[PDB]
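K.L.:
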Amino acid sequence: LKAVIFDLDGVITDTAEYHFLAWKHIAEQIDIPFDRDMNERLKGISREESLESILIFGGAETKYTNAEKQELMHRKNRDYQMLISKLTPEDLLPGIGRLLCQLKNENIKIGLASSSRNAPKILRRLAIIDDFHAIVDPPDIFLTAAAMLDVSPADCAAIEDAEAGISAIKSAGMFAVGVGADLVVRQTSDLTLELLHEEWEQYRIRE
Amino acid sequence: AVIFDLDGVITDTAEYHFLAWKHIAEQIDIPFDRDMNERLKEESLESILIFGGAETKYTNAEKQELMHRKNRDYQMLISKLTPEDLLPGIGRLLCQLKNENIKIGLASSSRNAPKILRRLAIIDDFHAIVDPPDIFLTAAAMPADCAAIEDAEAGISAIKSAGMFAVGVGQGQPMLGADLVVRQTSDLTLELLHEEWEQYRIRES
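So, in structure tokens, the structure goes:
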């Protein structure tokens with residue numbers, strides 16, 4: 001086992017939360033109580049669709065023009081990016097830092113496979129960017145990561161939380177960790193180098 | 208080499224201590240809320256009782272069992288501890304101290320620390336767990352080439368008076384007896400510890 005390739009969302013950064021908060025603050029500004037339950041139902045729902053559900057709870061889907069709903073949605077996003085900009089190292093997902101440590105302490109190459117154009121900026125904001133020896137600039141965005149790390153895909157694990165990403169990792173011929181994947185953990189804290197080793201050892205045998 | 212109090216440094220058990228008391232309050236049927244909890248940070252029991260208007264209701268030996276039941280309840284709830292309750296910089300800080308065979312110690316007042324450390328999944332990373340300013344010494348015994356970290360004025364001075372370098376986690380006057388003061392557990396990394404230590408080390412000689 002030579003490299004571990006990370007994605008950003010739900011793996012390194014708690015983007016999900018930040019989307020929750022985004023949605024919430026807009027709702028304050030629009031005078032509608034938001035909460036996580038509503039949030040959890042609006043998981044995987046169109047941005048425009050989510051907003052309509054919030055508006056319907058507030059009996060306000062008729063109060064607002066399309067134009068205004070557009071701006072609504074625009075602000076949510078600026079709020080979100082704004083929130084993402086104030087990231088600190090206390091915002092690092094549990095288990096992650098310690099995991100990096102082990103991988104380095106053990107001389108495993110570490111990579112990043114995120115679609116975000118601000119990744120380097122973020123890894124820096126999180127104080128872990130020195131840990132990465134390859135960051136891909138925005139499938140096989142994963143095959144690129146392995147090229148950069150100078151290692152076979154067969155010898156890499158990629159950690160991910162998105163349906164699609166896991167497809168990509170798999171198609172890219174790597175051991176895929178989900179957080180339809182080769183190994184699945186509940187929360188990031190569950191990721192130890194030790195579990196990774198063991199499960200990865202088994203993975204390659206079953207082929 | 209480096210020593211930790213538990214609560215406020217490695218993890219936060221506040222919620223559990225709270226619940227623990229609230230179950231007792233309920234058993235006595237006396238009003239109890241998080242506001243009180245904070246304010247009351249045995250004297251405590253009397254307080255809720257005096258407040259509850261039941262200052263005469265309980266003996267002392269009964270009163271003692273009311274406490275025994277509480278340590279027992281608490282000791283249970285902390286079962287709900289996962290490594291997810293480890294504090295920001297900690298886990299990594301720990302894997303590093305290990306990598307560089309710096310030694311890892313727990314000098315906590317907590318009576319349940321061993322179970323706590325095991326739920327956090329880090330318990331193996333330690334080598335001295337204290338068992339009840341003597342404390343951090345006892346820990347060292349388990350020694351001026353020593354670091355320790357606290358989040359309270361009390362712990363802080365107990366450390367310096369133990370003659371080591373004292374790293375404070377928090378902010379304010381509660382912090383002004385500390386060698387180092389990071390505003391949160393994340394800020395504290397094996398690097399920063401080192402850089403600020405060799406500077407303390409020198410100022411000795």
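Protein chains in written order, with my numbering: chain Z, 1 to 207; chain R, 208 to 412. Don't be surprised by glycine CBs; every beta carbon is placed ideally from N, CA and C.
According to DSSP, is Z/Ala162 part of a helix, a strand, or is it coil?
P.N.:
Looking up residue 162 of chain Z in the first sequence gives position 162. Of the three classes helix, strand and coil, the one that applies to Z/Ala162 here is coil, per DSSP.
K.L.:
How long is the line joining the alpha carbons of Z/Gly180 and Z/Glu163, rounded to whole angstroms?
P.N.:
Residue mapping note: residue 180 of chain Z aligns to position 180 of the first sequence, counting from 1. Residue mapping note: residue 163 of chain Z aligns to position 163 of the first sequence, counting from 1. So the two alpha carbons sit approximately 8 Å from each other.
K.L.:
Relative to the C-alpha of Z/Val11, which candidate in Z/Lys43, Z/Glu61, Z/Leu112, Z/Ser171 has its C-alpha closest?
P.N.:
The count along the first sequence starts at 1 and reaches residue 11 of chain Z at position 11. Among Z/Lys43, Z/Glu61, Z/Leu112, Z/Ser171, the Cα nearest to that of Z/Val11 belongs to Z/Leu112.
K.L.:
Going straight from the alpha carbon of Z/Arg204 to that of Z/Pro153, what length do you get?
P.N.:
To locate residue 204 of chain Z, count along the first sequence from 1; it is residue 204. To locate residue 153 of chain Z, count along the first sequence from 1; it is residue 153. The straight-line gap from Cα to Cα measures roughly 12 Å.
K.L.:
Kindly indicate if chain Z contains any beta-carbon less than 9 Å away from that of R/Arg299.
P.N.:
Start at 1 with the first residue of the second sequence, and residue 299 of chain R comes out as number 92. Yes, because at least one Cβ of chain Z sits closer than 9 Å to the Cβ of R/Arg299.
K.L.:
In chain order, what residues of the same chain have a beta carbon less than 8 Å from the beta carbon of R/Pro321, not counting five sequence neighbours either side?
P.N.:
Mapped onto the second sequence, residue 321 of chain R falls at position 114. Contacts found: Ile330, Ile336.
K.L.:
Which residues bound the alpha helix (DSSP H) around Z/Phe142?
P.N.:
Taking the first residue of the first sequence as position 1, residue 142 of chain Z is located at position 142. Taken as a continuous stretch (DSSP letters only), the alpha helix (DSSP H) holding Z/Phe142 covers 141–149.
K.L.:
Just the C-alpha distance for R/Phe372 and R/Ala355, rounded to the nearest angstrom, thanks.
P.N.:
Numbered from 1 along the second sequence, position 165 holds the residue referred to as residue 372 of chain R. Numbered from 1 along the second sequence, position 148 holds the residue referred to as residue 355 of chain R. Near 7 Å, if we compare the C-alpha coordinates of R/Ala355 and R/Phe372.
K.L.:
Is there at least one Cβ from chain R nearer than 9 Å to Z/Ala127's Cβ?
P.N.:
To locate residue 127 of chain Z, count along the first sequence from 1; it is residue 127. Chain R contact via Cβ: present.
K.L.:
Bridge partners of Z/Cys156, per DSSP?
P.N.:
Walking along the first sequence from the start, residue 156 of chain Z turns up at place 156. Its beta-bridge partners are Z/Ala3.
K.L.:
Please report the Cβ distance between R/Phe343 and R/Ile366, rounded to the nearest whole angstrom; I am assuming they are in contact, meaning their Cβ atoms lie under 8 Å.
P.N.:
Counted from its first residue, the second sequence places residue 343 of chain R at position 136. Counted from its first residue, the second sequence places residue 366 of chain R at position 159. About 6 Å; that satisfies the 8 Å criterion.
K.L.:
Using a C-beta to C-beta distance shorter than 8 Å, which residues of chain R count as neighbours of Z/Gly178?
P.N.:
Position 178 of the first sequence, counting from 1, holds the residue named residue 178 of chain Z. Those within 8 Å of Z/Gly178 in chain R number zero; the least Cβ separation is about 18 Å.
K.L.:
Report buried or exposed for Z/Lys76, applying the criterion of at least 16 other Cβ atoms within 10 angstroms of its Cβ.
P.N.:
Sequence index remark: in the first sequence, residue 76 of chain Z carries index 76 (1-based). With 16 or more other Cβ atoms within 10 Å, it is buried.
K.L.:
Should the segment 54–63 of chain Z be regarded as contacting the segment 21–36 of chain Z, the criterion being three or more beta carbon pairs within less than 8 Å?
P.N.:
The segment 54–63 of chain Z vs the segment 21–36 of chain Z: in contact.
K.L.:
Please give me, in chain order, every unbroken run of the beta strand (DSSP E) with length at least 3 that falls completely inside the segment 50–122 of chain Z.
P.N.:
Segments of the beta strand (DSSP E) lying fully in the segment 50–122 of chain Z: 109–112.
K.L.:
In chain order, what residues of the same chain lie with their CB nearer than 6 Å to the CB of R/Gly377, ignoring the 5 residues before and after it?
P.N.:
What you label residue 377 of chain R is simply residue 170 of the second sequence in a count that begins at 1. Contacts found: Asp358.
K.L.:
So Z/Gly95 contacts chain R; which residues on that side make the cut at Cβ distance below 9 Å?
P.N.:
Here residue 95 of chain Z corresponds to residue number 95 of the first sequence, with the count starting at 1. Under the 9 Å cutoff, chain R gives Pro290, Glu291, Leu293, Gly298.
K.L.:
Take Z/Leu42 as the anchor and find which of Z/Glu90, Z/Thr65, Z/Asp137, Z/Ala16 has the nearest alpha-carbon.
P.N.:
Your numbering for residue 42 of chain Z matches position 42 in the first sequence. Nearest of Z/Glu90, Z/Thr65, Z/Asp137, Z/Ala16 to Z/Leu42, Cα basis: Z/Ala16.
K.L.:
Where do the N-terminal and C-terminal ends of the alpha helix (DSSP H) with R/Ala227 fall, by residue?
P.N.:
Here residue 227 of chain R refers to the residue found at position 20 of the second sequence. Here the alpha helix (DSSP H) through R/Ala227 covers 221–235.
K.L.:
Output yes if chain Z places a C-beta closer than 9 Å to the C-beta of R/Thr392; else output no.
P.N.:
In the second sequence, counting from the first residue as 1, residue 392 of chain R sits at position 185. So yes, R/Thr392 belongs to the interface.
K.L.:
Could you list which residues in chain R have their beta carbon closer than 9 Å to that of Z/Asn105, in chain order?
P.N.:
Locating residue 105 of chain Z in the first sequence gives position 105, where the first residue counts as 1. Going along chain R in sequence order, the residues near Z/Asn105 (Cβ under 9 Å) are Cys302, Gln303, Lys305, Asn306.
K.L.:
Out of curiosity, what's the CA-to-CA distance linking R/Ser316 and R/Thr345?
P.N.:
Counting from 1 along the second sequence, the entry for residue 316 of chain R is found at position 109. Counting from 1 along the second sequence, the entry for residue 345 of chain R is found at position 138. When rounded, the distance between both Cα atoms is 12 Å.
K.L.:
If we call anything under 9 Å between Cβ atoms a contact, is R/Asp332 one with R/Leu301?
P.N.:
Against the second sequence, residue 332 of chain R aligns to sequence position 125. Against the second sequence, residue 301 of chain R aligns to sequence position 94. Cβ distance < 9 Å, so R/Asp332 and R/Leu301 count as in contact.
K.L.:
Short of 7 Å in beta carbon distance, which residues of its chain neighbour R/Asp280, apart from the five on each side in sequence? Order them along the chain.
P.N.:
Here residue 280 of chain R refers to the residue found at position 73 of the second sequence. Once the five neighbours on either side are set aside, the close Cβ partners of R/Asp280 are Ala227, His230.
K.L.:
Can you tell me where the beta strand (DSSP E) holding Z/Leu195 begins and where it ends?
P.N.:
Taking the first residue of the first sequence as position 1, residue 195 of chain Z is located at position 195. Here Z/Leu195 belongs to no beta strand (DSSP E); instead the alpha helix (DSSP H) covers 193–205.
K.L.:
Measuring only the C-alpha atoms, how far is Z/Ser85 from Z/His19?
P.N.:
Here residue 85 of chain Z corresponds to residue number 85 of the first sequence, with the count starting at 1. Here residue 19 of chain Z corresponds to residue number 19 of the first sequence, with the count starting at 1. Spanning the two alpha carbons is a distance of roughly 13 Å.
K.L.:
Using three-state DSSP, classify Z/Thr188 as helix, strand or coil.
P.N.:
In the first sequence, residue 188 of chain Z corresponds to position 188, counting from 1. Note: Z/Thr188 maps to helix in three-state DSSP.
K.L.:
Buried or exposed for R/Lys264, going by 16 or more other Cβ atoms inside 10 Å?
P.N.:
Counted from its first residue, the second sequence places residue 264 of chain R at position 57. Under this definition R/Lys264 is an exposed residue.
K.L.:
Secondary structure at R/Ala335, three-state DSSP: helix, strand or coil?
P.N.:
Within the second sequence, numbered from 1, the residue matching residue 335 of chain R stands at position 128. Strand, per DSSP.
K.L.:
List the DSSP bridge partners of Z/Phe34.
P.N.:
Walking along the first sequence from the start, residue 34 of chain Z turns up at place 34. Answer is none; Z/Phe34 lacks a bridge partner.
K.L.:
Drop a sphere of 10 angstroms on the beta-carbon of Z/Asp7, count the other beta-carbons inside from all chains shown, and report buried for 16 or more, exposed for fewer.
P.N.:
For the purposes of this step, residue 7 of chain Z is taken as residue 7 along the first sequence, with counting starting at 1. So Z/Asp7 counts as buried.
K.L.:
Which one of Z/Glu207, Z/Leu126, Z/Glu52, Z/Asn107 has the shortest CA to CA distance from Z/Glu68?
P.N.:
Stepping through the first sequence from its first residue, residue 68 of chain Z is reached at position 68. Looking at the Cα atoms, Z/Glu52 is the closest of the given residues.
K.L.:
Between the C-alpha atoms of Z/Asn39 and Z/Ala27, what's the straight-line distance to the nearest angstrom?
P.N.:
The count along the first sequence starts at 1 and reaches residue 39 of chain Z at position 39. The count along the first sequence starts at 1 and reaches residue 27 of chain Z at position 27. Z/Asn39 and Z/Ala27: Cα-Cα distance of roughly 12 Å.
K.L.:
Answer yes or no: does any C-beta atom of chain Z fall closer than 9 Å to that of R/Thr220?
P.N.:
Position 13 of the second sequence holds residue 220 of chain R. No - not a single Cβ of chain Z is within 9 Å of the one on R/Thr220.
K.L.:
What residue range is occupied by the uninterrupted beta strand (DSSP E) comprising R/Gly375?
P.N.:
To locate residue 375 of chain R, count along the second sequence from 1; it is residue 168. First-last of the beta strand (DSSP E) with R/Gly375: 372–376.
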